[PDB]
Every structure is written in C-alpha cells, then in structure tokens.
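See below for work-v4.cif, which holds mmCIF, N, CA, C and O atoms.
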```
data_data
loop_
_atom_site.group_PDB
_atom_site.id
_atom_site.type_symbol
_atom_site.label_atom_id
_atom_site.label_comp_id
_atom_site.auth_asym_id
_atom_site.auth_seq_id
_atom_site.Cartn_x
_atom_site.Cartn_y
_atom_site.Cartn_z
ATOM 1 N N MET A 1 -18.881 -3.228 7.774
ATOM 2 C CA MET A 1 -17.912 -2.212 8.165
ATOM 3 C C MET A 1 -16.525 -2.822 8.341
ATOM 4 O O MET A 1 -16.257 -3.501 9.332
ATOM 5 N N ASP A 2 -15.648 -2.576 7.373
ATOM 6 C CA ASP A 2 -14.289 -3.102 7.422
ATOM 7 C C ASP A 2 -13.281 -1.981 7.664
ATOM 8 O O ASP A 2 -13.239 -1.001 6.920
ATOM 9 N N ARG A 3 -12.474 -2.134 8.708
ATOM 10 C CA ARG A 3 -11.469 -1.134 9.048
ATOM 11 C C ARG A 3 -10.247 -1.787 9.687
ATOM 12 O O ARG A 3 -10.374 -2.669 10.536
ATOM 13 N N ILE A 4 -9.063 -1.347 9.272
ATOM 14 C CA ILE A 4 -7.818 -1.888 9.804
ATOM 15 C C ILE A 4 -6.915 -0.777 10.327
ATOM 16 O O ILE A 4 -6.566 0.150 9.595
ATOM 17 N N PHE A 5 -6.537 -0.878 11.596
ATOM 18 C CA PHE A 5 -5.671 0.119 12.217
ATOM 19 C C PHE A 5 -4.265 -0.435 12.421
ATOM 20 O O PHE A 5 -4.081 -1.483 13.040
ATOM 21 N N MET A 6 -3.273 0.278 11.897
ATOM 22 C CA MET A 6 -1.881 -0.140 12.022
ATOM 23 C C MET A 6 -0.973 1.058 12.275
ATOM 24 O O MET A 6 -1.308 2.190 11.923
ATOM 25 N N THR A 7 0.179 0.804 12.889
ATOM 26 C CA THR A 7 1.134 1.862 13.190
ATOM 27 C C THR A 7 1.931 2.254 11.951
ATOM 28 O O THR A 7 1.750 1.678 10.877
ATOM 29 N N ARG A 8 2.812 3.235 12.106
ATOM 30 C CA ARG A 8 3.637 3.703 10.999
ATOM 31 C C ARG A 8 4.353 2.537 10.322
ATOM 32 O O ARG A 8 4.290 2.379 9.103
ATOM 33 N N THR A 9 5.035 1.723 11.123
ATOM 34 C CA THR A 9 5.763 0.574 10.603
ATOM 35 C C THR A 9 4.811 -0.461 10.015
ATOM 36 O O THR A 9 5.008 -0.934 8.896
ATOM 37 N N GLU A 10 3.777 -0.807 10.776
ATOM 38 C CA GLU A 10 2.794 -1.787 10.328
ATOM 39 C C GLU A 10 2.104 -1.320 9.049
ATOM 40 O O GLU A 10 1.525 -2.120 8.317
ATOM 41 N N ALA A 11 2.170 -0.018 8.790
ATOM 42 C CA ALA A 11 1.554 0.556 7.601
ATOM 43 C C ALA A 11 1.975 -0.199 6.344
ATOM 44 O O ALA A 11 1.239 -0.244 5.358
ATOM 45 N N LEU A 12 3.163 -0.792 6.388
ATOM 46 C CA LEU A 12 3.684 -1.545 5.252
ATOM 47 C C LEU A 12 2.652 -2.549 4.745
ATOM 48 O O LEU A 12 2.427 -2.667 3.541
ATOM 49 N N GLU A 13 2.027 -3.267 5.673
ATOM 50 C CA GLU A 13 1.018 -4.259 5.319
ATOM 51 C C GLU A 13 -0.087 -3.633 4.474
ATOM 52 O O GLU A 13 -0.624 -4.267 3.566
ATOM 53 N N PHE A 14 -0.424 -2.384 4.781
ATOM 54 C CA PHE A 14 -1.466 -1.671 4.052
ATOM 55 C C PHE A 14 -0.977 -1.258 2.668
ATOM 56 O O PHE A 14 -1.682 -1.427 1.672
ATOM 57 N N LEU A 15 0.236 -0.718 2.612
ATOM 58 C CA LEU A 15 0.821 -0.279 1.350
ATOM 59 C C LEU A 15 1.044 -1.463 0.414
ATOM 60 O O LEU A 15 1.068 -1.306 -0.808
ATOM 61 N N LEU A 16 1.205 -2.647 0.994
ATOM 62 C CA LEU A 16 1.423 -3.859 0.211
ATOM 63 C C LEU A 16 0.097 -4.471 -0.226
ATOM 64 O O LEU A 16 -0.107 -4.762 -1.405
ATOM 65 N N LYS A 17 -0.804 -4.664 0.731
ATOM 66 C CA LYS A 17 -2.113 -5.239 0.446
ATOM 67 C C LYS A 17 -2.901 -4.350 -0.512
ATOM 68 O O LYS A 17 -3.700 -4.839 -1.309
ATOM 69 N N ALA A 18 -2.667 -3.045 -0.429
ATOM 70 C CA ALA A 18 -3.351 -2.090 -1.291
ATOM 71 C C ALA A 18 -3.037 -2.353 -2.760
ATOM 72 O O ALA A 18 -3.926 -2.316 -3.611
ATOM 73 N N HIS A 19 -1.767 -2.616 -3.051
ATOM 74 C CA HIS A 19 -1.335 -2.886 -4.418
ATOM 75 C C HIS A 19 -2.016 -4.136 -4.966
ATOM 76 O O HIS A 19 -2.485 -4.150 -6.104
ATOM 77 N N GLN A 20 -2.064 -5.183 -4.149
ATOM 78 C CA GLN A 20 -2.686 -6.439 -4.554
ATOM 79 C C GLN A 20 -4.111 -6.208 -5.044
ATOM 80 O O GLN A 20 -4.546 -6.807 -6.028
ATOM 81 N N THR A 21 -4.836 -5.333 -4.353
ATOM 82 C CA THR A 21 -6.213 -5.024 -4.717
ATOM 83 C C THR A 21 -6.299 -4.503 -6.148
ATOM 84 O O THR A 21 -7.111 -4.977 -6.942
ATOM 85 N N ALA A 22 -5.458 -3.526 -6.468
ATOM 86 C CA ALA A 22 -5.437 -2.943 -7.804
ATOM 87 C C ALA A 22 -4.923 -3.944 -8.832
ATOM 88 O O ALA A 22 -5.502 -4.099 -9.907
ATOM 89 N N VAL A 23 -3.831 -4.623 -8.496
ATOM 90 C CA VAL A 23 -3.237 -5.610 -9.389
ATOM 91 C C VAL A 23 -4.225 -6.729 -9.705
ATOM 92 O O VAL A 23 -4.227 -7.275 -10.808
ATOM 93 N N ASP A 24 -5.061 -7.064 -8.729
ATOM 94 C CA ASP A 24 -6.055 -8.117 -8.903
ATOM 95 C C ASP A 24 -7.305 -7.577 -9.590
ATOM 96 O O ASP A 24 -7.981 -8.294 -10.327
ATOM 97 N N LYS A 25 -7.608 -6.307 -9.343
ATOM 98 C CA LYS A 25 -8.776 -5.668 -9.937
ATOM 99 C C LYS A 25 -8.659 -5.627 -11.457
ATOM 100 O O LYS A 25 -9.624 -5.902 -12.171
ATOM 101 N N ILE A 26 -7.472 -5.281 -11.945
ATOM 102 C CA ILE A 26 -7.229 -5.207 -13.381
ATOM 103 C C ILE A 26 -7.284 -6.589 -14.020
ATOM 104 O O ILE A 26 -7.504 -6.720 -15.224
ATOM 105 N N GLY A 27 -7.086 -7.621 -13.205
ATOM 106 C CA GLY A 27 -7.120 -8.982 -13.709
ATOM 107 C C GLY A 27 -5.821 -9.383 -14.380
ATOM 108 O O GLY A 27 -5.823 -10.138 -15.353
ATOM 109 N N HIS A 28 -4.707 -8.878 -13.859
ATOM 110 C CA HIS A 28 -3.394 -9.189 -14.414
ATOM 111 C C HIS A 28 -3.064 -10.667 -14.236
ATOM 112 O O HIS A 28 -3.602 -11.347 -13.363
ATOM 113 N N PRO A 29 -2.160 -11.179 -15.085
ATOM 114 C CA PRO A 29 -1.739 -12.582 -15.042
ATOM 115 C C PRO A 29 -0.904 -12.899 -13.805
ATOM 116 O O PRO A 29 -0.767 -12.068 -12.908
ATOM 117 N N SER A 30 -0.345 -14.104 -13.768
ATOM 118 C CA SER A 30 0.475 -14.531 -12.640
ATOM 119 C C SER A 30 1.843 -15.008 -13.114
ATOM 120 O O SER A 30 2.523 -15.768 -12.423
ATOM 121 N N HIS A 31 2.243 -14.557 -14.299
ATOM 122 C CA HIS A 31 3.532 -14.938 -14.867
ATOM 123 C C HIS A 31 4.668 -14.617 -13.899
ATOM 124 O O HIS A 31 4.506 -13.814 -12.980
ATOM 125 N N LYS A 32 5.816 -15.250 -14.112
ATOM 126 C CA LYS A 32 6.979 -15.034 -13.260
ATOM 127 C C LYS A 32 7.383 -13.562 -13.256
ATOM 128 O O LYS A 32 7.126 -12.837 -14.215
ATOM 129 N N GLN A 33 8.019 -13.132 -12.171
ATOM 130 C CA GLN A 33 8.458 -11.748 -12.042
ATOM 131 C C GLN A 33 9.308 -11.334 -13.239
ATOM 132 O O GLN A 33 10.130 -12.109 -13.729
ATOM 133 N N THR A 34 9.106 -10.105 -13.707
ATOM 134 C CA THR A 34 9.853 -9.590 -14.847
ATOM 135 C C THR A 34 10.984 -8.673 -14.395
ATOM 136 O O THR A 34 10.978 -8.144 -13.283
ATOM 137 N N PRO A 35 11.977 -8.479 -15.274
ATOM 138 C CA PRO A 35 13.133 -7.625 -14.987
ATOM 139 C C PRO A 35 12.762 -6.146 -14.932
ATOM 140 O O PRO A 35 13.323 -5.386 -14.145
ATOM 141 N N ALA A 36 11.813 -5.748 -15.772
ATOM 142 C CA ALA A 36 11.366 -4.361 -15.816
ATOM 143 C C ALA A 36 10.878 -3.898 -14.448
ATOM 144 O O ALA A 36 10.901 -2.705 -14.141
ATOM 145 N N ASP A 37 10.438 -4.846 -13.629
ATOM 146 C CA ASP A 37 9.944 -4.536 -12.293
ATOM 147 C C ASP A 37 10.978 -3.737 -11.504
ATOM 148 O O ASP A 37 10.630 -2.947 -10.627
ATOM 149 N N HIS A 38 12.252 -3.950 -11.823
ATOM 150 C CA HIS A 38 13.337 -3.252 -11.144
ATOM 151 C C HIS A 38 13.180 -1.740 -11.282
ATOM 152 O O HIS A 38 13.574 -0.982 -10.397
ATOM 153 N N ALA A 39 12.602 -1.310 -12.398
ATOM 154 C CA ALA A 39 12.392 0.111 -12.652
ATOM 155 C C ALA A 39 11.161 0.623 -11.912
ATOM 156 O O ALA A 39 11.106 1.785 -11.511
ATOM 157 N N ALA A 40 10.175 -0.250 -11.736
ATOM 158 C CA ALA A 40 8.946 0.115 -11.043
ATOM 159 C C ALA A 40 9.242 0.678 -9.657
ATOM 160 O O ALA A 40 8.462 1.461 -9.115
ATOM 161 N N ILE A 41 10.374 0.273 -9.089
ATOM 162 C CA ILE A 41 10.773 0.737 -7.766
ATOM 163 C C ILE A 41 10.824 2.260 -7.712
ATOM 164 O O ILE A 41 10.675 2.858 -6.646
ATOM 165 N N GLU A 42 11.037 2.882 -8.867
ATOM 166 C CA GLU A 42 11.106 4.336 -8.949
ATOM 167 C C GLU A 42 9.839 4.975 -8.389
ATOM 168 O O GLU A 42 9.880 6.063 -7.814
ATOM 169 N N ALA A 43 8.713 4.291 -8.562
ATOM 170 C CA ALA A 43 7.434 4.790 -8.073
ATOM 171 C C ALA A 43 7.284 4.541 -6.575
ATOM 172 O O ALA A 43 6.885 5.432 -5.825
ATOM 173 N N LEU A 44 7.605 3.326 -6.147
ATOM 174 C CA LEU A 44 7.505 2.960 -4.738
ATOM 175 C C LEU A 44 8.291 3.934 -3.866
ATOM 176 O O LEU A 44 7.960 4.143 -2.698
ATOM 177 N N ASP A 45 9.331 4.528 -4.440
ATOM 178 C CA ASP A 45 10.162 5.483 -3.716
ATOM 179 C C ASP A 45 9.306 6.569 -3.073
ATOM 180 O O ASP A 45 9.641 7.088 -2.007
ATOM 181 N N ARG A 46 8.201 6.910 -3.726
ATOM 182 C CA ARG A 46 7.298 7.936 -3.218
ATOM 183 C C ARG A 46 6.706 7.522 -1.875
ATOM 184 O O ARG A 46 6.915 8.188 -0.860
ATOM 185 N N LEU A 47 5.963 6.420 -1.875
ATOM 186 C CA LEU A 47 5.339 5.917 -0.656
ATOM 187 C C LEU A 47 6.395 5.505 0.365
ATOM 188 O O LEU A 47 6.198 5.653 1.572
ATOM 189 N N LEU A 48 7.516 4.988 -0.126
ATOM 190 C CA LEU A 48 8.604 4.556 0.744
ATOM 191 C C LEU A 48 9.160 5.729 1.545
ATOM 192 O O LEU A 48 9.430 5.605 2.740
ATOM 193 N N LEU A 49 9.326 6.866 0.880
ATOM 194 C CA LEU A 49 9.847 8.063 1.530
ATOM 195 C C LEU A 49 8.791 8.700 2.427
ATOM 196 O O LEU A 49 9.100 9.197 3.511
ATOM 197 N N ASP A 50 7.544 8.680 1.969
ATOM 198 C CA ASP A 50 6.441 9.252 2.732
ATOM 199 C C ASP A 50 6.226 8.488 4.035
ATOM 200 O O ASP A 50 5.842 9.068 5.051
ATOM 201 N N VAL A 51 6.477 7.183 3.998
ATOM 202 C CA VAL A 51 6.312 6.341 5.175
ATOM 203 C C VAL A 51 7.523 6.439 6.097
ATOM 204 O O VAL A 51 7.388 6.716 7.289
ATOM 205 N N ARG A 52 8.706 6.212 5.536
ATOM 206 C CA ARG A 52 9.941 6.275 6.307
ATOM 207 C C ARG A 52 10.110 7.647 6.954
ATOM 208 O O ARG A 52 10.685 7.768 8.035
ATOM 209 N N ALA A 53 9.605 8.677 6.282
ATOM 210 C CA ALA A 53 9.699 10.040 6.792
ATOM 211 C C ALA A 53 8.545 10.352 7.738
ATOM 212 O O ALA A 53 8.394 11.485 8.197
ATOM 213 N N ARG A 54 7.732 9.340 8.028
ATOM 214 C CA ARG A 54 6.591 9.509 8.919
ATOM 215 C C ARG A 54 5.728 10.689 8.480
ATOM 216 O O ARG A 54 5.428 11.580 9.274
ATOM 217 N N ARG A 55 5.332 10.686 7.211
ATOM 218 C CA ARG A 55 4.505 11.757 6.667
ATOM 219 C C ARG A 55 3.292 11.190 5.936
ATOM 220 O O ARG A 55 2.747 11.822 5.033
ATOM 221 N N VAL A 56 2.876 9.991 6.334
ATOM 222 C CA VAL A 56 1.726 9.338 5.719
ATOM 223 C C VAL A 56 0.463 9.559 6.542
ATOM 224 O O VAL A 56 0.524 9.725 7.760
ATOM 225 N N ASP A 57 -0.683 9.558 5.868
ATOM 226 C CA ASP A 57 -1.963 9.757 6.537
ATOM 227 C C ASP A 57 -2.907 8.592 6.260
ATOM 228 O O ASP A 57 -2.553 7.648 5.554
ATOM 229 N N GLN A 58 -4.110 8.664 6.821
ATOM 230 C CA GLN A 58 -5.105 7.615 6.635
ATOM 231 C C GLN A 58 -6.044 7.953 5.483
ATOM 232 O O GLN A 58 -6.379 9.117 5.263
ATOM 233 N N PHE A 59 -6.468 6.928 4.750
ATOM 234 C CA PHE A 59 -7.369 7.118 3.619
ATOM 235 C C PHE A 59 -7.991 5.791 3.192
ATOM 236 O O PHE A 59 -7.518 4.721 3.572
ATOM 237 N N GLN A 60 -9.056 5.872 2.401
ATOM 238 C CA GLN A 60 -9.745 4.679 1.923
ATOM 239 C C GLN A 60 -10.213 4.860 0.483
ATOM 240 O O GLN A 60 -10.702 5.926 0.109
ATOM 241 N N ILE A 61 -10.059 3.812 -0.320
ATOM 242 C CA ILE A 61 -10.467 3.857 -1.719
ATOM 243 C C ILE A 61 -11.954 3.553 -1.867
ATOM 244 O O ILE A 61 -12.691 4.306 -2.502
ATOM 245 N N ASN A 62 -12.389 2.446 -1.276
ATOM 246 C CA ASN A 62 -13.789 2.042 -1.341
ATOM 247 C C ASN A 62 -14.344 1.776 0.055
ATOM 248 O O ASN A 62 -13.591 1.649 1.020
ATOM 249 N N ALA A 63 -15.667 1.694 0.154
ATOM 250 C CA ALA A 63 -16.323 1.439 1.430
ATOM 251 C C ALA A 63 -16.551 -0.053 1.643
ATOM 252 O O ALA A 63 -16.567 -0.533 2.777
ATOM 253 N N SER A 64 -16.727 -0.783 0.546
ATOM 254 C CA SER A 64 -16.958 -2.221 0.613
ATOM 255 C C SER A 64 -15.640 -2.978 0.746
ATOM 256 O O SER A 64 -15.553 -3.973 1.464
ATOM 257 N N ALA A 65 -14.616 -2.497 0.047
ATOM 258 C CA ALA A 65 -13.302 -3.126 0.087
ATOM 259 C C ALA A 65 -12.654 -2.958 1.457
ATOM 260 O O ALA A 65 -13.031 -2.075 2.228
ATOM 261 N N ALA A 66 -11.681 -3.811 1.755
ATOM 262 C CA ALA A 66 -10.980 -3.755 3.032
ATOM 263 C C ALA A 66 -10.319 -2.396 3.238
ATOM 264 O O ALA A 66 -9.384 -2.037 2.523
ATOM 265 N N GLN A 67 -10.812 -1.645 4.217
ATOM 266 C CA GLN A 67 -10.270 -0.325 4.513
ATOM 267 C C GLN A 67 -9.197 -0.408 5.594
ATOM 268 O O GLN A 67 -9.261 -1.258 6.482
ATOM 269 N N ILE A 68 -8.212 0.481 5.511
ATOM 270 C CA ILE A 68 -7.126 0.508 6.483
ATOM 271 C C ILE A 68 -6.854 1.929 6.964
ATOM 272 O O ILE A 68 -6.132 2.688 6.316
ATOM 273 N N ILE A 69 -7.435 2.282 8.106
ATOM 274 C CA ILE A 69 -7.254 3.612 8.676
ATOM 275 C C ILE A 69 -5.958 3.694 9.474
ATOM 276 O O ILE A 69 -5.816 3.055 10.517
ATOM 277 N N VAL A 70 -5.014 4.488 8.979
ATOM 278 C CA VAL A 70 -3.729 4.658 9.648
ATOM 279 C C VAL A 70 -3.901 5.333 11.004
ATOM 280 O O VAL A 70 -4.592 6.346 11.123
ATOM 281 N N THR A 71 -3.267 4.767 12.026
ATOM 282 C CA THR A 71 -3.349 5.313 13.374
ATOM 283 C C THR A 71 -2.020 5.927 13.801
ATOM 284 O O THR A 71 -1.219 5.286 14.482
ATOM 285 N N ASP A 72 -1.792 7.171 13.397
ATOM 286 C CA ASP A 72 -0.561 7.873 13.740
ATOM 287 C C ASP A 72 -0.317 7.840 15.246
ATOM 288 O O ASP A 72 -0.925 8.601 15.999
#
```
Before anything else, please render the file you have as structure tokens.
Amino acid sequence: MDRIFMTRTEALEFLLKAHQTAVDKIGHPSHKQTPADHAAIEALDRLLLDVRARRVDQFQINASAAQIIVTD
C-alpha cells in the first residue's frame, strides 16, 4: 500500500514525479535537453493553472505504482 499526502504547494512534487513515471515507462533516452522542450510548456500550463488556481484534486494511475493522494 503506497500513498503520498501533500498540500497544494507540495503537490508540485507529485506533478513532477508523475511525469518521470511516464517518461521512464516509455523508455525514453537521456540525451541532453532539447530546444523544442520550450514549446512543451504549453501543456504544463494546464496543470500549472489548475494547481496555482487551487483547483486540483486527488487521483491515482496504478495501485502498485507510487500513489499520491492530494490532501486539500
């Protein structure tokens, strides 16, 4: 049973660690950061606004993987 409770601000750790899981799941390389990444920010804007606006909720992708239940 894996569960992580964090506040609105601490939620960042979850939004960050969450990406690593997917990025690692696909088996992507470890090459140096690319310039195109600057555009990827367009997507982060979603979670960034949802968090900064204090409109985020708790959720989990898998039961075996590290879960992070948001504690509003």
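With atom CA of residue 70 of chain A on one side and atom CA of residue 57 of chain A on the other, the separation reads 6.2 Å.
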So which residues touch residue 21 of chain A within 12 Å, counting only C-alpha atoms, skipping near sequence neighbours fewer than 4 positions away, as a ChimeraX atom specification?
-> /A:14-17,25-28,61-62,65-67
Just to be explicit: take each residue in the selection above, keep N, CA, C and O atoms, and write the result as a compact mmCIF listing (two decimals), in the coordinates of the input.
```txt
# COMPACT_ATOMS: atom_id res chain seq x y z
N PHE A 14 -0.42 -2.38 4.78
CA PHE A 14 -1.47 -1.67 4.05
C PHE A 14 -0.98 -1.26 2.67
O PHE A 14 -1.68 -1.43 1.67
N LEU A 15 0.24 -0.72 2.61
CA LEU A 15 0.82 -0.28 1.35
C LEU A 15 1.04 -1.46 0.41
O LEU A 15 1.07 -1.31 -0.81
N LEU A 16 1.20 -2.65 0.99
CA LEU A 16 1.42 -3.86 0.21
C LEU A 16 0.10 -4.47 -0.23
O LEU A 16 -0.11 -4.76 -1.40
N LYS A 17 -0.80 -4.66 0.73
CA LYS A 17 -2.11 -5.24 0.45
C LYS A 17 -2.90 -4.35 -0.51
O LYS A 17 -3.70 -4.84 -1.31
N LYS A 25 -7.61 -6.31 -9.34
CA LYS A 25 -8.78 -5.67 -9.94
C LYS A 25 -8.66 -5.63 -11.46
O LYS A 25 -9.62 -5.90 -12.17
N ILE A 26 -7.47 -5.28 -11.94
CA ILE A 26 -7.23 -5.21 -13.38
C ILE A 26 -7.28 -6.59 -14.02
O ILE A 26 -7.50 -6.72 -15.22
N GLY A 27 -7.09 -7.62 -13.20
CA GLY A 27 -7.12 -8.98 -13.71
C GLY A 27 -5.82 -9.38 -14.38
O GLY A 27 -5.82 -10.14 -15.35
N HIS A 28 -4.71 -8.88 -13.86
CA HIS A 28 -3.39 -9.19 -14.41
C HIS A 28 -3.06 -10.67 -14.24
O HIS A 28 -3.60 -11.35 -13.36
N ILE A 61 -10.06 3.81 -0.32
CA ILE A 61 -10.47 3.86 -1.72
C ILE A 61 -11.95 3.55 -1.87
O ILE A 61 -12.69 4.31 -2.50
N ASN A 62 -12.39 2.45 -1.28
CA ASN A 62 -13.79 2.04 -1.34
C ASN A 62 -14.34 1.78 0.06
O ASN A 62 -13.59 1.65 1.02
N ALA A 65 -14.62 -2.50 0.05
CA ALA A 65 -13.30 -3.13 0.09
C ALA A 65 -12.65 -2.96 1.46
O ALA A 65 -13.03 -2.08 2.23
N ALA A 66 -11.68 -3.81 1.76
CA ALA A 66 -10.98 -3.76 3.03
C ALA A 66 -10.32 -2.40 3.24
O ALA A 66 -9.38 -2.04 2.52
N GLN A 67 -10.81 -1.64 4.22
CA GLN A 67 -10.27 -0.32 4.51
C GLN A 67 -9.20 -0.41 5.59
O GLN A 67 -9.26 -1.26 6.48
```
Which parts of chain A does DSSP call alpha helix (DSSP H) when run on the backbone here, written out as a PyMOL selection string?
-> chain A and resi 11-25+37-52
Expressed in Å to a single decimal, how great is the separation between atom CA of residue 60 of chain A and atom C of residue 42 of chain A?
-> 22.1 Å
So which residues touch residue 5 of chain A within 8 Å, counting only N, CA, C and O atoms, skipping near sequence neighbours fewer than 3 positions away, as a ChimeraX atom specification?
-> /A:2,8,10-11,67-71
Find the distance between atom CA of residue 44 of chain A and atom CA of residue 6 of chain A and write it in Å to one decimal.
->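 Between atom CA of residue 44 of chain A and atom CA of residue 6 of chain A the gap works out to 19.5 Å.
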